[PDB]
Amino acid sequence: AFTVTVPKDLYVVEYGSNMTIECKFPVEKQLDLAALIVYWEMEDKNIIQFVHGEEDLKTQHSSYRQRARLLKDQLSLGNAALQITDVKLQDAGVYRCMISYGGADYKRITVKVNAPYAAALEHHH
Amino acid sequence: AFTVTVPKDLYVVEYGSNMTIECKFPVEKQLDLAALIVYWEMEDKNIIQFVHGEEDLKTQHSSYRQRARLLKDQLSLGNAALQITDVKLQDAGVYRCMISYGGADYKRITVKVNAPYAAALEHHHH
Ligand SMILES: COc1cc(OCc2cccc(-c3ccccc3)c2C)cc(OC)c1CN[C@H](C)C(=O)O
């Protein structure tokens with residue numbers, strides 16, 4: 001069966017750093033880009049959509065603009081890796097990577113964000 | 001674009017009855033089952049998986065045992081309908097219909113559960 005796997009289903013990262021959350025699917029041969037679909041979301045807001053070799057960002061949620069990229073470089077390795085830069089406190093939650101490449105499956109990844117008092121306090125108001 | 005559509009994205013049902021929540025996907029002429037993949041989840045609790053023309057119950061969440069069917073007949077019509085029987089108070093929430101058939105898409109459906117005092121009282125006391 002075609003199954004998406006997640007090497008680590010929980011990440012805890014420090015406010016303001018960068019994170020790469022990985023999502024693995026089988027790639028036996030050379031990648032067939034036109035058969036590939038990658039959807040990354042967080043809660044119910046789109047982070048990246050990838051169909052026919054191109055990222056589509058019309059969908060992408062405000063709070064992910066210019067901070068979220070899919071390392072297409074790893075896709076040929078079978079790795080839909082999402083890179084978030086300048087991790088905010090509002091990035092903590094459940095992410096889902098959904099992959100269709102001759103079959104389909106999806107997996108959740110939970111992200112916790114440690115933060116110093118100051119950043120938490122400004123998130124508070 | 002491959003688009004899953006939901007004719008009704010809100011359902012109101014009475015406790016202990018059955019509900020059928022509707023989810024439609026494009027099929028022009030006769031269906032290719034080896035390409036069809038349907039997942040019904042509810043707030044990240046797996047309800048149904050349908051792969052290779054077979055429902056997969058290996059991931060089915062405890063609370064949906066033998067209460068959930070996918071109407072296998074109407075799949076050729078472009079109809080992924082999830083059928084829940086003996087609707088519980090914990091069946092209220094956001095459902096998600098995920099469909100891969102060449103393209104891929106998913107849609108949410110909210111379900112509210114009306115229940116009389118006694119049933120709500122046992123649910124409250126759980
Ligand atoms: C949230 O909506 C989505 C979701 C998309 O992947 C959703 C997606 C992507 C990959 C695999 C599985 C899947 C996983 C397990 C079981 C069944 C399917 C799923 C649901 C792609 C989209 O775009 C291609 C759009 C956008 N709508 C527009 C109308 C469109 O499809 O053009």
# chains A, B, ... in the order shown; residues from 1 in each chain; ligands from 1
>>> closest_atom_pairs(of="chain A", to="ligand 1", cutoff="9 Å", atoms="only C-alpha atoms and all ligand atoms", output="tab-separated table")
residue	atom	partner	partner_atom_place_in_ligand_line	distance
A:36	CA	ligand 1	10 (C)	8.3
A:37	CA	ligand 1	10 (C)	5.4
A:38	CA	ligand 1	10 (C)	5.5
A:39	CA	ligand 1	6 (O)	4.8
A:40	CA	ligand 1	6 (O)	8.1
A:41	CA	ligand 1	1 (C)	8.5
A:44	CA	ligand 1	1 (C)	8.8
A:45	CA	ligand 1	1 (C)	8.8
A:46	CA	ligand 1	1 (C)	7.2
A:49	CA	ligand 1	21 (C)	6.4
A:50	CA	ligand 1	24 (C)	7.3
A:51	CA	ligand 1	24 (C)	6.0
A:56	CA	ligand 1	23 (O)	8.4
A:59	CA	ligand 1	26 (C)	7.6
A:97	CA	ligand 1	10 (C)	7.9
A:98	CA	ligand 1	10 (C)	4.3
A:99	CA	ligand 1	10 (C)	4.0
A:100	CA	ligand 1	11 (C)	4.3
A:101	CA	ligand 1	10 (C)	8.0
A:103	CA	ligand 1	11 (C)	8.0
A:104	CA	ligand 1	14 (C)	4.7
A:105	CA	ligand 1	15 (C)	3.8
A:106	CA	ligand 1	14 (C)	5.0
A:107	CA	ligand 1	14 (C)	8.7
>>> residues_around(residues="residue 24 in chain B", least_positions_apart="5", cutoff="10 Å", atoms="only C-alpha atoms", output="PyMOL selection string")
chain B and resi 3-7+74-75+77-81+97+99+107
>>> interface_residues(of="chain B", to="chain A", cutoff="10 Å", atoms="only C-alpha atoms", output="JSON, numbers by chain")
{"B": [34, 35, 36, 37, 38, 39, 44, 49, 51, 52, 98, 99, 100, 101, 102, 103, 104, 105, 108]}
>>> write_last_selection(atoms="N, CA and C atoms", output="PDB file, in the first residue's frame")
ATOM      1  N   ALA B  34      -9.317   1.129  -8.940  1.00  0.00           N
ATOM      2  CA  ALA B  34      -7.933   1.045  -8.496  1.00  0.00           C
ATOM      3  C   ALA B  34      -7.307   2.417  -8.280  1.00  0.00           C
ATOM      4  N   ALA B  35      -7.954   3.483  -8.753  1.00  0.00           N
ATOM      5  CA  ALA B  35      -7.471   4.845  -8.589  1.00  0.00           C
ATOM      6  C   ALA B  35      -8.194   5.617  -7.487  1.00  0.00           C
ATOM      7  N   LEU B  36      -9.226   5.035  -6.880  1.00  0.00           N
ATOM      8  CA  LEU B  36     -10.099   5.754  -5.964  1.00  0.00           C
ATOM      9  C   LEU B  36      -9.625   5.534  -4.541  1.00  0.00           C
ATOM     10  N   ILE B  37      -9.580   6.618  -3.772  1.00  0.00           N
ATOM     11  CA  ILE B  37      -9.185   6.571  -2.375  1.00  0.00           C
ATOM     12  C   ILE B  37     -10.073   7.538  -1.612  1.00  0.00           C
ATOM     13  N   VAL B  38     -10.772   7.039  -0.601  1.00  0.00           N
ATOM     14  CA  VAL B  38     -11.658   7.875   0.202  1.00  0.00           C
ATOM     15  C   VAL B  38     -11.315   7.725   1.677  1.00  0.00           C
ATOM     16  N   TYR B  39     -11.098   8.837   2.364  1.00  0.00           N
ATOM     17  CA  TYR B  39     -10.951   8.840   3.812  1.00  0.00           C
ATOM     18  C   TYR B  39     -12.032   9.722   4.420  1.00  0.00           C
ATOM     19  N   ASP B  44      -9.984  14.334  13.348  1.00  0.00           N
ATOM     20  CA  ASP B  44      -8.796  13.488  13.361  1.00  0.00           C
ATOM     21  C   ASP B  44      -9.012  12.187  14.135  1.00  0.00           C
ATOM     22  N   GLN B  49     -11.765   4.264   5.710  1.00  0.00           N
ATOM     23  CA  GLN B  49     -10.743   4.320   4.677  1.00  0.00           C
ATOM     24  C   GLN B  49     -11.208   3.377   3.586  1.00  0.00           C
ATOM     25  N   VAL B  51      -9.726   1.949   0.075  1.00  0.00           N
ATOM     26  CA  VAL B  51      -8.604   1.805  -0.838  1.00  0.00           C
ATOM     27  C   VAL B  51      -8.764   0.484  -1.578  1.00  0.00           C
ATOM     28  N   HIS B  52      -8.448   0.486  -2.873  1.00  0.00           N
ATOM     29  CA  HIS B  52      -8.473  -0.741  -3.675  1.00  0.00           C
ATOM     30  C   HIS B  52      -9.833  -1.430  -3.593  1.00  0.00           C
ATOM     31  N   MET B  98     -12.105  13.179   2.378  1.00  0.00           N
ATOM     32  CA  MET B  98     -10.895  13.274   1.583  1.00  0.00           C
ATOM     33  C   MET B  98     -11.000  12.303   0.426  1.00  0.00           C
ATOM     34  N   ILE B  99     -10.826  12.789  -0.807  1.00  0.00           N
ATOM     35  CA  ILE B  99     -10.976  11.940  -1.984  1.00  0.00           C
ATOM     36  C   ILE B  99      -9.831  12.181  -2.945  1.00  0.00           C
ATOM     37  N   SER B 100      -9.172  11.090  -3.334  1.00  0.00           N
ATOM     38  CA  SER B 100      -8.132  11.041  -4.360  1.00  0.00           C
ATOM     39  C   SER B 100      -8.647  10.197  -5.513  1.00  0.00           C
ATOM     40  N   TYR B 101      -8.799  10.821  -6.684  1.00  0.00           N
ATOM     41  CA  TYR B 101      -9.195  10.112  -7.912  1.00  0.00           C
ATOM     42  C   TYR B 101      -8.551  10.853  -9.091  1.00  0.00           C
ATOM     43  N   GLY B 102      -7.282  10.528  -9.359  1.00  0.00           N
ATOM     44  CA  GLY B 102      -6.447  11.318 -10.243  1.00  0.00           C
ATOM     45  C   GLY B 102      -6.042  12.589  -9.527  1.00  0.00           C
ATOM     46  N   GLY B 103      -6.988  13.497  -9.352  1.00  0.00           N
ATOM     47  CA  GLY B 103      -6.775  14.688  -8.560  1.00  0.00           C
ATOM     48  C   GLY B 103      -7.050  14.395  -7.096  1.00  0.00           C
ATOM     49  N   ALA B 104      -7.069  15.453  -6.293  1.00  0.00           N
ATOM     50  CA  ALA B 104      -7.243  15.268  -4.862  1.00  0.00           C
ATOM     51  C   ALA B 104      -7.921  16.493  -4.279  1.00  0.00           C
ATOM     52  N   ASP B 105      -8.771  16.271  -3.282  1.00  0.00           N
ATOM     53  CA  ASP B 105      -9.514  17.363  -2.661  1.00  0.00           C
ATOM     54  C   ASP B 105     -10.123  16.828  -1.376  1.00  0.00           C
ATOM     55  N   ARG B 108     -15.053  19.864   4.426  1.00  0.00           N
ATOM     56  CA  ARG B 108     -15.503  19.743   5.804  1.00  0.00           C
ATOM     57  C   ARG B 108     -17.020  19.775   5.863  1.00  0.00           C
TER      58      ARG B 108
END
>>> select_by_dssp(residues="chain B", states="strand (DSSP E or B)", output="count of residues only")
54
>>> residues_around(residues="residue 74 in chain A", least_positions_apart="5", cutoff="12 Å", atoms="only C-alpha atoms", output="NGL selection string")
:A and (20 or 22-25 or 27 or 31 or 69 or 79-83)
>>> residues_around(residues="residue 123 in chain A", least_positions_apart="4", cutoff="10 Å", atoms="only C-alpha atoms", output="list in words")
residues 88, 89, 90, 117, 118 and 119 of chain A
>>> atom_distance(atom1="CA of residue 93 in chain A", atom2="CA of residue 58 in chain B")
26.1 Å
